[PDB]
Amino acid sequence: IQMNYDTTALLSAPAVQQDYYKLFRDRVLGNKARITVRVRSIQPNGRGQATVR
Amino acid sequence: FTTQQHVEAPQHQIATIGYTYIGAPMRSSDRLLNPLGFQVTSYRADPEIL
């Protein structure tokens, strides 16, 4: 998570970075549970906007 | 929706359709196919990730 955390911030506008930082998951999942994420499909729809499934 | 080539494994896709209606057309060759006036104004379809 330290790399994913910093990477997310690196790929986020300050407004977005703050929303993300606030989620800290560090106590709920901690070192007892983990989350696995996989993307099935992404389709851009316009001018700086896309949908991720 | 889904699609397949004839047999190749079927693929899954999702379309996003922007649309309106332009009312009844004024030609016999059009009214017997699209009397309602359906018209797509924007279209895209991407692979579905299962």
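Sequences listed follow chains U and b, in order.
Counted the way the deposited numbering counts, the first sequence spans residues 117 to 140, 146 to 174.
Counted the way the deposited numbering counts, the second sequence spans residues 175 to 180, 186 to 229.
We put the CB at the ideal spot given by N, CA and C, even for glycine.
Whose C-beta lies closer than 7 angstroms to the C-beta of residue i among residues of the same chain, with five residues either side of it excluded?
| i | result |
| --- | --- |
| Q164 (chain U) | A171 and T172 |
| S128 (chain U) | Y136 |
| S162 (chain U) | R174 |
| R210 (chain b) | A203 and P204 |
| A131 (chain U) | none |
Could you tell me which of the options sits nearest to residue i, measuring between CA atoms?
| i | options | result |
| --- | --- | --- |
| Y200 (chain b) | b:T176, b:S221 and b:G216 | b:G216 |
| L139 (chain U) | U:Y121, U:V158 and U:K153 | U:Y121 |
| residue 175 (chain U) | b:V186, b:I196, b:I228 and b:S207 | The requested residue 175 (chain U) is not part of the displayed model; chain U covers only 117 to 174. |
| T220 (chain b) | b:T176, b:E187 and b:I196 | b:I196 |
Given a cut-off of 9 angstroms on the beta-carbon distance, is the pair residue i and residue j in contact?
| i | j | result |
| --- | --- | --- |
| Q133 (chain U) | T124 (chain U) | yes |
| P226 (chain b) | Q178 (chain b) | no |
State the beta-bridge partners of residue i as determined by DSSP.
| i | result |
| --- | --- |
| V132 (chain U) | Beta-bridge pairing links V132 (chain U) to no other residue. |
| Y200 (chain b) | b:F217 |
| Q164 (chain U) | U:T172 |
Can you list, in chain order, the residues of its chain with a C-beta nearer than 6 angstroms to that of residue i? Leave out the 5 residues immediately preceding and following it.
| i | result |
| --- | --- |
| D147 (chain U) | none |
| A224 (chain b) | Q192 and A194 |
Under 8 angstroms Cβ to Cβ from residue i, same chain only, skipping five residues before and after it: list those, please.
| i | result |
| --- | --- |
| residue 141 (chain U) | Any question about the placement of residue 141 (chain U) has no answer from these coordinates, since chain U jumps from 140 to 146. |
| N213 (chain b) | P204 |
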